[PDB]
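Residue numbers for the sequence shown, in the entry's author numbering: 61 to 219, 227 to 371, 380 to 421, 425 to 446.
A virtual CB, placed ideally from N, CA and C, is assigned to each residue, including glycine.
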Amino acid sequence: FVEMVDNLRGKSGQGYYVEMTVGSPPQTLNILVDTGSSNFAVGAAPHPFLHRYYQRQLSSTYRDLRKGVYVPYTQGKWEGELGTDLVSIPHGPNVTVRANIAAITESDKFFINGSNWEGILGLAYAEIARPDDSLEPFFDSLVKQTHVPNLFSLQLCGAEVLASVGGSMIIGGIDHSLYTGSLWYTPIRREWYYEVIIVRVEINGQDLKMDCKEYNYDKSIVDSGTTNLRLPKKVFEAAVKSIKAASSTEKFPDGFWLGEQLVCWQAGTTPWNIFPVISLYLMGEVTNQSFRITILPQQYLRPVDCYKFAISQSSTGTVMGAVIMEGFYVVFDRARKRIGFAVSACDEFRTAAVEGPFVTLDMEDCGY
Ligand SMILES: CN1C(=O)[C@@](c2ccc(OC(F)F)cc2)(c2ccc(F)c(C#CCCCF)c2)N=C1N
Numbered sequence: 061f062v063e064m065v066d067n068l069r070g071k072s073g074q075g076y077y078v079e080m081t082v083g084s085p086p087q088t089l090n091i092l093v094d095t096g097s098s099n100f101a102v103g104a105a106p107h108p109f110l111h112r113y114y115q116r117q118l119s120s121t122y123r124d125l126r127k128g129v130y131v132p133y134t135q136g137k138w139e140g141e142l143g144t145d146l147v148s149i150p151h152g153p154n155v156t157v158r159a160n161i162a163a164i165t166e167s168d169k170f171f172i173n174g175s176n177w178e179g180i181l182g183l184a185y186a187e188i189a190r191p192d193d194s195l196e197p198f199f200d201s202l203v204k205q206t207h208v209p210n211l212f213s214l215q216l217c218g219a227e228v229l230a231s232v233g234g235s236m237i238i239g240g241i242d243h244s245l246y247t248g249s250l251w252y253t254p255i256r257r258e259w260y261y262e263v264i265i266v267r268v269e270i271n272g273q274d275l276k277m278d279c280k281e282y283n284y285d286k287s288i289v290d291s292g293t294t295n296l297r298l299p300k301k302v303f304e305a306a307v308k309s310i311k312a313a314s315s316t317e318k319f320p321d322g323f324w325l326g327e328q329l330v331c332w333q334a335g336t337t338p339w340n341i342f343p344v345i346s347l348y349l350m351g352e353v354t355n356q357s358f359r360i361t362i363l364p365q366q367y368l369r370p371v380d381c382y383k384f385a386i387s388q389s390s391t392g393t394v395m396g397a398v399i400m401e402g403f404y405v406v407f408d409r410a411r412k413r414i415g416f417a418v419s420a421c425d426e427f428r429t430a431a432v433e434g435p436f437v438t439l440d441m442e443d444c445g446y
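Quick look at the structure:
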């Protein structure tokens with residue numbers, strides 16, 4: 061998997077993308093790695109934010125499925141045309157797949173100005189594919205057509228323009244050099260999103276003491292296509308109160324805590340130690356057993380030395396977005412219906431951690 065290391069790039073808050081080629085001859089595009097959706101959806105017509113796009117006309121191997129797709133969603137919308145073509149990942153496995161491609165012809169608030177990607181690689185399951193679950197997701201095609209093992213892993217690394232970020236998507240395996248210590252696994256509750264179960268939450272060692280159903284209300288998911296840790300309303304309010312209290316030696320405006328206003332210190336003086344660590348305890352493979360992943364302010368204050384608060388409110392459940400994933404090497408073990416976490420290879427007092435087991439009772443009752 062040596063050749064797949066550092067195959068991801070992005071700008072802070074604009075997602076991580078992998079280089080792909082579509083069609084014959086190959087057309088090079090940058091594609092968002094998105095565990096929170098299930099379509100391979102690519103810009104296929106001019107757009108003000110797109111500097112290149114997929115040209116079906118130019119591909120000898122393109123096949124029209126003669127059906128459209130319209131996807132309205134919360135933040136925006138897109139419209140397109142379904143078909144198939146040959147798809148490769150130059151810094152991925154040495155294979156070529158015939159995949160479904162939604163060629164986006166019209167969109168609103170979908171593409172991001174300056175992001176440097178032109179499409180999305182939906183890595184989640186067929187249940188949430190558009191227009192419906194009959195449209196085989198890319199990874200499913202890849203596994204069915206090739207000898208690639210049914211697993212992928214993501215090392216998303218942190219670190227005037229938006230700061231450039233990097234990482235690795237290891238397709239078909241686990242690269243031991245990308246993590247230290249043990250890999251701890253949480254069950255995939257249901258194969259639609261990468262749905263998981265959080266059984267408790269601590270801020271600086273202090274239990275939020277909520278009924279665990281609250282942490283998963285109405286679901287909890289692992290989503291590389293979301294920047295923030297997003298939390299259900301009641302959990303969000305409990306969390307910010309706790310973080311405000313720990314960092315009380317300094318005062319910040321409401322705009323900061325609402326994740327919309329930046330906060331600055333002079334270069335090098337960021338008081339990391341006034342901000343608490345946050346531990347999410349995930350359901351273990353064994354009943355009554357959990358493990359915790361612990362994240363630092365360095366993860367949840369996102370650089371814009381100016382930072383935005385990267386924890387925000389959700390009405391669609393918990394979203395463990397890039398800022399959770401950036402602490403860790405994350406294994407999407409589809410074959411064994413489980414997601415692994417270990418401390419990623421990528425300050426002086428604190429470190430991100432993955433630690434277990436911890437005995438917490440009635441974990442199945444945390445669902446919903
Ligand atoms: C939450 N989320 C989205 O809204 C979405 C998405 C993807 C496909 C969809 O339709 C499907 F049918 F093609 C609908 C929604 C998404 C859409 C547009 C975007 F610029 C981004 C992004 C980004 C970079 C910041 C976090 F990286 C994510 N991906 C996620 N995880």
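In summary, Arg158 is exposed, with fewer than 16 beta-carbon neighbours lying within 10 Å of its beta-carbon over all protein chains present. Shortest gap from the CB of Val131 to any heavy atom of ligand 1: under 7 angstroms. For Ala397, the uninterrupted alpha helix (DSSP H) segment begins and ends at 397 to 400. Distance between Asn154 and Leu275, taken at the CA atoms: about 47 angstroms.
Judged by beta-carbon spacing, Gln388 lies beyond the 8 angstroms limit of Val437, meaning their Cβ atoms are not closer than that value. Residue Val232 holds the alpha-carbon nearest to the alpha-carbon of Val78 among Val232, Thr144, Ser84. When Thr81, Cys217, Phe323, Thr393 are compared, the shortest CA-CA separation from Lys300 is found for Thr393. Taking C-beta separations shorter than 8 angstroms and ignoring five residues to either side along the sequence, the partners of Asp380 in its chain run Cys331, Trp332, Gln333, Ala334, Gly335, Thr336, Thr337, following chain order.
At least one heavy atom of ligand 1 is found less than 7 angstroms from the C-beta of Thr293.
By the criterion of at least three beta-carbon pairs nearer than 8 angstroms, the region 184 to 192 is not in contact with the region 107 to 124.
Between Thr134 and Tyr261, the C-beta gap is not smaller than 8 angstroms, which leaves the two residues out of contact. The straight-line gap separating the alpha-carbon atoms of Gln74 and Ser120 is approximately 32 angstroms. Of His151, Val289, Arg116, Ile238, the smallest CA-CA separation from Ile264 is found for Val289.
Taken in chain order, the complete alpha helix (DSSP H) segments of 4 or more residues contained in the region 248 to 336 are 300 to 313, 321 to 324. For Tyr252, same chain residues with a beta-carbon under 6 angstroms away, outside a window of 5 residues either side, are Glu352, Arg413, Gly415 in chain order.
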